[PDB]
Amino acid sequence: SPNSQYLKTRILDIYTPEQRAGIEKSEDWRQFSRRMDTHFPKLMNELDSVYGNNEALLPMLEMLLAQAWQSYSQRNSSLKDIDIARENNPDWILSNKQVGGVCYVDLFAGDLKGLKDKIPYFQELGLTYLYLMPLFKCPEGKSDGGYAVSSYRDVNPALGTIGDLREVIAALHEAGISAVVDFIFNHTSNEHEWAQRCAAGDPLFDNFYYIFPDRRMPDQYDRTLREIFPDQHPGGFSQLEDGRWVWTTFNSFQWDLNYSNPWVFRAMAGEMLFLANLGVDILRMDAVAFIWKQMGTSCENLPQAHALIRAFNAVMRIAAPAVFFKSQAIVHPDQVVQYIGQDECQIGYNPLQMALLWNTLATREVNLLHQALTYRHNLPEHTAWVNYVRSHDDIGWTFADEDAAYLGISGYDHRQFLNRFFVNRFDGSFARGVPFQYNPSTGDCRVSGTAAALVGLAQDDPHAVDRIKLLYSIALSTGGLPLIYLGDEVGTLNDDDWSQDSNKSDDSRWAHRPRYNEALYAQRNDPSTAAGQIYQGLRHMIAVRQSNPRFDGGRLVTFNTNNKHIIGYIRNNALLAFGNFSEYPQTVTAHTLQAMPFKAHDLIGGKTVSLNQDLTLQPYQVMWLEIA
């Protein structure tokens, strides 16, 4: 394998002797050169572990590195300052000051210019992180909400132009807000030029996807493949009009890119650099679990998949240090955490905590939640969880069967209950969600519906508002970067047109993808409305989280409350949080609190709480007690 010095000499060969001398003395090159030496070894090692002695590895690497230099050279000065800042502050992601929000530009603000006008609200809310859903060109009609990309360079015309996106990102930076977008690197739409040219037999795009002559291999692969959208098609393949079959983990119009082809890595690395120079701070690595296939395996979380992401990481460490990755692996907890690392994905969605928040509301028992916060919360240094309550996607019950078994709980039976409860098919349920992808051959099913709809706000359940504040309080204080599903802060309900919409009716996730509700937002400052109660409640926790250093970092120590309905944990050995998941008053005995100070200030209610006597929490009450 070649080394950093050798490759750098060849990168400079594109310059005339006179030009070369000038480049080598420039600041840009000095920085690039330094980063090459520091991070190239990792890049080479990761790529070698995946491609081995492939003849195209060296040629691809030099092409990519030449691109990396040009990209860094062109990179805007303001972005390079951010590169330096984060390069010397890897834990910026762990700061309690961070609070993120996510929205669809079209649903929330119409278009990019309209989004730009919403920035003042984002600052009002206190956001320092804004994640925007798929913005680029995609097939008209069904595109899996923009996740079927037909062009990584051209913005969806309905949203604006690439120029408007640049302006938006710069406006967010001016407002002290980081820009976060998806890096849909596991697949493209079947209308993408690469897909068309590959299928057409263009030699320049040979093996860019996984195409087969018949069902021989697809049937073999399907013996071990998990079905993501069983409603759309069985297994992981779709048939082309000409009779061939293509690997399609998700919708039939989404073709899995073939990373076993080094030129695919190079191609996508190029797209990553493009986004990088737009000033994107964080890239949501869509479907990281599926980027490597191997017959006989689930084709999820394979070693090469992890290696490739680490290879991508190195490319950013070299040509755009400010760009961090956000893993979005919704898989077994043991696999989820493997994507999180300083040299892989610095942050990642925490589906375990999210799924258990909802589980606890249904069961009223914090057992599983406590277990998770105790054994699966702390992460390696320089990494953090992205804690959330809801997202653009359905809710999956991704807790570990092995973990549940320890608690005497049958995963299969328990999920059946949860699914029934949240789709209002369980006596007394307050949830008003709808099913998603019920799989008759496995019994699996997921849930769609907004946070407000799932807690009973649709029917005006008197506990609805408190439930919302309770869930968000935990995502906001356990340690990690909290990501609010914009619209939740005012109690937005399900969209009630999706089921009638020809392009959405077969995807219930659209139920929880409502448009900006002018009426609810207009009530955010009115304490007598649910919108106001929710907004002020959440805004206060946001204010406290960001100004109080006791919430800093991502580490926590659980506290045994001795009450199966109350969750408890301590941050920095100075903040004791209690959360009552019961609709009835619940007590934490004075005996249980003997090690605590006689009195402590509750940052939530603002009152002084006595801990030398039984502490009774009202239904769904949350307390953030300063014990130090």
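One rule holds for the numbers: they count along the sequence shown, beginning at 1.
J.: Using only C-alpha atoms and the B-factors in the entry, which stretch averages higher, 247-255 or 436-444?
T.: Per the deposited B-factors, the answer is 436-444.
J.: Output the stretch having the higher mean C-alpha B factor in the entry; the candidates are 150-158 and 399-407.
T.: It is 150-158 that shows the higher mean C-alpha B-factor.
J.: From the list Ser260, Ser178, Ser528, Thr374, select the residue with the highest C-alpha B factor recorded in the entry.
T.: Among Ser260, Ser178, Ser528, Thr374, the highest C-alpha B-factor in the entry belongs to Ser528.
J.: Using only the C-alpha B-factors in the record, can you name which of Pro333, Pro90, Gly141, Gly126 has the highest?
T.: If I rank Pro333, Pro90, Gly141, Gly126 by C-alpha B-factor, first place goes to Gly141.
J.: Within this chain's modelled residues, let me know which third the CA B factor of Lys118 belongs to: lowest, middle or highest.
T.: Within its chain, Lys118 is a highest-third residue by C-alpha B-factor, going by the deposited values.
J.: So where's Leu107 on the chain's Cα temperature factor ranking, which third?
T.: Middle third by C-alpha B-factor.
J.: Comparing against every modelled residue in the chain, figure out the third that the C-alpha B-factor of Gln239 lands in (lowest, middle or highest).
T.: Its C-alpha B-factor belongs to the highest third of this chain's values.
J.: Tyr569: which third of its chain by C-alpha temperature factor?
T.: Lowest third of the chain for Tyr569's C-alpha B-factor.
J.: Where does the C-alpha B-factor of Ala600 rank in its chain, lowest, middle or highest third?
T.: Top third by C-alpha B-factor.
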